[PDB]
Amino acid sequence: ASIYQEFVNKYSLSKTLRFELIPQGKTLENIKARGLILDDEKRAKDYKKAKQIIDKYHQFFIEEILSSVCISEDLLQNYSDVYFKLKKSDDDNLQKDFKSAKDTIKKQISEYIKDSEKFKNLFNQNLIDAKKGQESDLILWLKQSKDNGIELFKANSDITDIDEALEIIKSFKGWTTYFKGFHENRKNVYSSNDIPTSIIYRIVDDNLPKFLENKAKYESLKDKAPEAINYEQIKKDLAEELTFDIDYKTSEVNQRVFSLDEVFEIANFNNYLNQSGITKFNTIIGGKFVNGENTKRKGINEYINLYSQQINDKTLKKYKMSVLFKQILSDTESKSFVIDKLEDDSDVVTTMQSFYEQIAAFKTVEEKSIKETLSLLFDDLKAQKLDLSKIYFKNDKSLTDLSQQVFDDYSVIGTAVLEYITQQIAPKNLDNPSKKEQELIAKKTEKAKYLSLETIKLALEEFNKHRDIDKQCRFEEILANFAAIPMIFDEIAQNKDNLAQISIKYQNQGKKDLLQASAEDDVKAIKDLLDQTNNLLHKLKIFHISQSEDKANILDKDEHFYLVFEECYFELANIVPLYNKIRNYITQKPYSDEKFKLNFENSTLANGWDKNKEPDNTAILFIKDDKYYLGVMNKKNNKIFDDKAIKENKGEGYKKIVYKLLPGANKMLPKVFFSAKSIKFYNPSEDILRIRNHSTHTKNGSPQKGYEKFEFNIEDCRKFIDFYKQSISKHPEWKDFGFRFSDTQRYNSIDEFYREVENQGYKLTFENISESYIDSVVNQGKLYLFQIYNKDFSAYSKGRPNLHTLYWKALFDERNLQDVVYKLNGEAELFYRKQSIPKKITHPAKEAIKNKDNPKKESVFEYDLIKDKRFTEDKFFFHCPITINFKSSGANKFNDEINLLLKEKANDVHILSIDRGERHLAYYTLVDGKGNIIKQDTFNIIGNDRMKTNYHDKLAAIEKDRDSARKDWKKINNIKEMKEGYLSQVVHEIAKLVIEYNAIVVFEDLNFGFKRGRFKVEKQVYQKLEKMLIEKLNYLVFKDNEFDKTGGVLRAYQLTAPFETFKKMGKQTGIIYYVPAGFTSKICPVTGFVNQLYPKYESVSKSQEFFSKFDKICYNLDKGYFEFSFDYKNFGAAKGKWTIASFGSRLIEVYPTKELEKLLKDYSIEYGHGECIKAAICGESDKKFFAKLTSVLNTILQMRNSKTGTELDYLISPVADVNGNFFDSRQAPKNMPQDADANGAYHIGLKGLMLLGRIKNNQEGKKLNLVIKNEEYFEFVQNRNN
RNA sequence: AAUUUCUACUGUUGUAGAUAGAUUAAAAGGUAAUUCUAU
DNA sequence: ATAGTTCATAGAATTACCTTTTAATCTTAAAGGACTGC
DNA sequence: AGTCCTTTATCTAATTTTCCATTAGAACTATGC
Ligand SMILES: [Mg+2]
Ligand SMILES: [Mg+2]
Ligand SMILES: [Mg+2]
Ligand SMILES: [Mg+2]
Ligand SMILES: [Mg+2]
Ligand SMILES: [Mg+2]
Ligand SMILES: [Mg+2]
Ligand SMILES: [Mg+2]
Ligand SMILES: [Mg+2]
Ligand SMILES: [Mg+2]
Ligand SMILES: [Mg+2]
């Protein structure tokens, strides 16, 4: 008897099914004659362009109105005081008094944006296509901007100029409703409600707390480290960002530069509502790069960082400013320098070729080439011809880089020069010199931009001779490093020569051929070349004089040397912008061009299936001989399936779908029964008008316009329900639904009546139509007919159909239609996927033709099969929404009902615990109530008994590819998809086990308590598996189950609620529980003993003290092993006493018993007849003795055996049971684990068993405690079997 | 190597399992490059 | 003969490209604006 | 009346985080025998 038999039809959920649309007959010829495919392809792009133009209008409106909005300082200060008070302590009245001020601010902003004249036309047809007598506000604004000569679409290439925007907007005249969905999104931008999409939310809920945090941080920064912020230098640097138009604290209108104290005043918060003000604030927080300047102008955070680092006080880290979040629709260029982009491959080719011919063409004052100049100079540095008192390294990242490159350490040069100057200067009393001696010494070693090579050579000569000859660490190594630099040009030349053909490939203006995966190899070569040059630039970057603030103390340097050098370096430094530009171009995602929406000249296409809307929506469904068909009638031929046309063409060929639906009763009934056109028909009693105007029929429903909400009255509600029933009986056609309502008195709220209305207000019927008529209208072109198709719908299909096939076929089943579970939903869409790749027969017919375990290794096919056949030709596609459990309310308090069920059916429940392992990808163990395992197998191999697939070997090869080329520019990745496919294979097996064994599922909590180690299955992938299991158990049907019994198509298992977020998974998502994985693996399954001693060898004295506090180490005479005894409370602090034994052989085979016997024989201690060694070993003094003793002690505690041979990895226990024999997974029964990862899974299951016990004793009144402590887990697992 | 689509496959013009789409917005992270610093 | 440690690392910025996750609207027939036709 | 194209009507419930916690392979060192 299945425990989950009653958990069926519990809550409703929505799903979208997808099919191919095979054109039937001459419909494709008719479509292509009318040019509808190309028209829709053009309309998709024009639709995106129109949305972009409307978005630009929205951006401008948001900017203007937010720069007009002024929030009074008193509201801001009240909000600030209460918000900061809330941090100290919580109170209900304080939270409500806070929300009061918050909502007042929000209401002021919302009333401002509602009063604005421009807002009122945003969502009407007045925006796009205006009624006669007035012109649309979008076209008005566009024409005004054009007459004002401003270019609006400089940014994007897709919109040429304002005229093209005008004609694009013009194109959609008469298609306003095509934007309805879009408009909804844009309504969300200005919502008064508490949704994160609105600018009001972004101002009040997000950026105001951030600005108050930053203000508090600035006020705190002024008391400690007041000179940390360089006020002078930011007033110099961020002048544009410190310029504001009006100061709100003083309410003065002036364009003066602002001060930080002025900027961080609360009343000035207004200047940060507009997006431009947000960029100003974020820039004064983070600084900017200027076009000409080499050093970035610093922001507040950088000053905080620099002062905190010079003081070595990480207390000030906490005063870091948080940048403000952006405005909702903003698209703004950065105040920092933005580099020019590249448009296509030809740009890359031309720029790269220009630079690389430049470097070879360049000559200096002399007639020496760039390579010639550098080679001459560096071979001249080979010899000692140059004076090292005039050549200077830059004491920067390049100096430490060259140090790490030459000596494999970054500090050797720094310590060497520091020691040289300390030895030369202030030599008397070296260790602690005088104050002036240190400050002089300070300059020579740090706070010196450059170091002469002479200083370096003397420092190294001293440091080397001081240390021994083992480490060479010679200055000649640095000289030879530089000597080697000229040789790079020849590798560059080889790559540049071989690059000719690759350049020919992309020499043409053809767009975006590099972004595709097919360019991968060619993308590598290119990058490598650049890298070389870039590396060269970084290699000789050290000599470059950074040209910054040598007020005094100029370097005495070789002028000719540095002249030719700086010329070469200035020519080479042009690669930084080139490298950045072509990296920005090449790393883009290749395409965004898969499919587009098909409309068939109907903006409202397939928006609703009802017959009354069939002319306006032009979407019909047909069935014939167990095949399903979609029909789109010509827009002009609007009435092809009128009532009069049905009877004339009645026959036996096809079956038309007649769809009737009453959607949204709460909206529809008051809409029809009080409409100005029909309020008189359903004549409302004056009492009913009162009961509607004041929402007395609804607890929280909105009242009529200008009226006020009054308290819910049950009699008013039931009277309104009686009026609804009478009006329904009055309705001209809704009585076709045949409504059977409950007694009015049984309704306790109007939503129950609304639910009955919506549940019964949807039916499907079938009108027969002769095959000849549909054939005639398809040949005539007035109707476009498509077969709704997939694999399972072919005649050759004999296997178990896809789940969506079953859902679709159930949509129109009669067993469904008697008590509707599957309900066809309204807004379906149609798409068109052009050909992506050319046809290519990868496997010719009649040849032998990957999985190793398939017996038929050379399976021959009569037919030749094409690779990726679905992308070779253009195709039509149909996305159809449906609702399942159509008459169920929805998931509410699902965990509570699951826990109630499990509490009542506890005795039958099993616990399937899963774990990811070091050797296994994932292993499962299902345990009965007492603690014994019932079944265990692995998920390394997913396979039917006919032929089985090994995913362990298939996943073994994948991880090597990423780590090898993770930083490469172009790299195709099918890895995520393949891992998800394996997990989708696994979820079905998990569901099978759950249903057959009546088990709950136990997982490792991945938000908290997750394992720190390294495993075959990554953590994120395991989280994906958990989410996939939740989603699968939302609606679980088994294809083999009958159509009406539980688990079948009509009666689906619903064991999990809908997924919300990873964090909200918590510790229970339906029948899936999540426990910390702490101490699940290194623990004994029979006694629950985990190695918590962690004994490391230290000084002999400390090891004496360690072994002092053992209880007993006496040798066991009987069974021939050693016995330790102790209490964990006496050690450095768990509880209990254990008997450690040295039986068996662990692996590092190293048998501890023999090792201990030999160690004790070689020393004085005799263990002949039960001698208690504890006192004997504390008296020993040699280091080797305690070393080997602690080593053998650690080897004893190795429950896990680490065989480097990967066939088996097993587990053995160090503590004997009451019987006296130790547990070994080598020889273990079925009821106990059979390897080590199995022990991890089994103890995950024991945590789940603690949870099952906690569920068993849960009173209905109070909350269930699902946090398992290590104390409770230890107690349970240690005394579980007593 | 056929797919509504995806992952494995031949599992024979397809076999297994999975599959909520469309639209819109934002935040977070990754990796380069660049300016500083501190060890 | 083995271990252990390191390939410098890490904090504040800016730009660019990529991805992932969460959070919103909808999954509708019929009234209403217009205009036309009888 | 019909048609096309856009705008409208507006339930219901429970929530708001809880705190639980022992690249890689290679290379140069660095010990110990
Ligand atoms: Mg303003
Ligand atoms: Mg343009
Ligand atoms: Mg739509
Ligand atoms: Mg945008
Ligand atoms: Mg310095
Ligand atoms: Mg149209
Ligand atoms: Mg229409
Ligand atoms: Mg409520
Ligand atoms: Mg199938
Ligand atoms: Mg593709
Ligand atoms: Mg494939």
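These residue numbers are counts, starting from 1, taken along the chain as shown.
Determined via X-ray crystallography, 2.7 Å.
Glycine is no exception: its Cβ is also placed from the backbone N, Cα and C atoms.
Copied over from Swiss-Prot:
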type	residues	note
SITE	A:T16	site 'Binds crRNA alone and in crRNA-target DNA heteroduplex'
REGION	A:47-51	region 'Binds crRNA alone and in crRNA-target DNA heteroduplex'
SITE	A:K131	site 'Binds target strand DNA'
REGION	A:326-329	region 'Binds crRNA in crRNA-target DNA heteroduplex'
SITE	A:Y410	site 'Caps the crRNA-target DNA heteroduplex'
REGION	A:538-541	region 'Binds crRNA in crRNA-target DNA heteroduplex'
REGION	A:591-595	region 'Binds crRNA'
REGION	A:662-679	region 'LKL, important for PAM recognition and DNA unwinding'
REGION	A:663-762	region 'PAM-interacting domain (PI)'
REGION	A:671-677	region 'Binds DNA protospacer adjacent motif (PAM) on target DNA'
SITE	A:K671	site 'Binds PAM'
REGION	A:692-704	region 'Binds single-strand non-target DNA'
REGION	A:791-794	region 'Binds crRNA'
SITE	A:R833	site 'Binds crRNA'
ACT_SITE	A:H843	active site, for pre-crRNA processing
ACT_SITE	A:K850	active site, for pre-crRNA processing
REGION	A:863-871	region 'Binds crRNA'
ACT_SITE	A:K867	active site, for pre-crRNA processing
ACT_SITE	A:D915	active site, for DNase activity of RuvC domain
REGION	A:952-969	region 'Bridge helix'
ACT_SITE	A:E1004	active site, for DNase activity of RuvC domain
REGION	A:1237-1282	region 'RuvC-III'
ACT_SITE	A:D1237	active site, for DNase activity of RuvC domain
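What Swiss-Prot annotates, mapped onto the structure for a quick look.
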residue : record                                                        : DSSP (3 states)
A:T16   : site 'Binds crRNA alone and in crRNA-target DNA heteroduplex' : strand
A:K131  : site 'Binds target strand DNA'                                : coil
A:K671  : site 'Binds PAM'                                              : helix
A:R833  : site 'Binds crRNA'                                            : strand
A:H843  : active site, for pre-crRNA processing                         : strand
A:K850  : active site, for pre-crRNA processing                         : coil
A:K867  : active site, for pre-crRNA processing                         : coil
A:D915  : active site, for DNase activity of RuvC domain                : strand
A:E1004 : active site, for DNase activity of RuvC domain                : strand
A:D1237 : active site, for DNase activity of RuvC domain                : helix
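Distance between the Cα atoms of A:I849 and A:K850, which bracket 2 unmodelled residues, is 9 Å. Rounded to a whole number, the C-alpha distance linking A:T16 (site 'Binds crRNA alone and in crRNA-target DNA heteroduplex') with A:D1237 (active site, for DNase activity of RuvC domain) is 40 angstrom. The Cα atom of A:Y410 (site 'Caps the crRNA-target DNA heteroduplex') lies nearest to that of A:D915, taking the recorded positions A:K131, A:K671, A:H843, A:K867, A:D915 as the candidates.
Taking Cβ-Cβ distances under 8 Å and a sequence separation of 6 or more, the neighbours of A:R833 (site 'Binds crRNA') in its chain are A:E594, A:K595, A:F871, A:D874, A:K875, A:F877. Cα distances from A:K671 (site 'Binds PAM') to the recorded positions A:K131, A:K850, A:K867 are smallest for A:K131.
Distance from the CA of A:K850 (active site, for pre-crRNA processing) to the CA of A:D1237 (active site, for DNase activity of RuvC domain) is 30 Å. Where the chain is interrupted between A:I1148 and A:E1149, 14 residues are left out of the deposited model, and the two C-alpha atoms stand 7 angstrom apart.
In this structure, the active-site residues under consideration are A:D915, A:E1004, A:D1237, and the one with the smallest number of other Cβ atoms within 10 Å of its Cβ is A:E1004.
Between A:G1132 and A:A1133, the deposited coordinates omit 2 residues, leaving a Cα-to-Cα distance of 6 Å across the break. A gap of 37 Å separates the Cα atoms of A:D915 (active site, for DNase activity of RuvC domain) and A:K867 (active site, for pre-crRNA processing). Secondary structure counts, DSSP: the region 'Binds crRNA alone and in crRNA-target DNA heteroduplex' (A:47-51) has 5 helix, 0 strand, 0 coil. Panel annotation: around the region 'Bridge helix' (A:952-969), residues 523-524, 527, 583, 586-587, 852, 920-921, 940-941, 975, 978-979, 982, 1016 of the same chain, lying at least six beyond its termini, place a Cβ under 8 Å from a Cβ of the stretch.
Counting only same-chain residues 6+ beyond the ends of the region 'Binds crRNA' (A:591-595), those with a CB under 8 A from a CB of the stretch are 512, 515-516, 831-834, 836, 877. Broken down with DSSP, the region 'Binds crRNA in crRNA-target DNA heteroduplex' (A:326-329) shows 0 helix, 0 strand, 4 coil.
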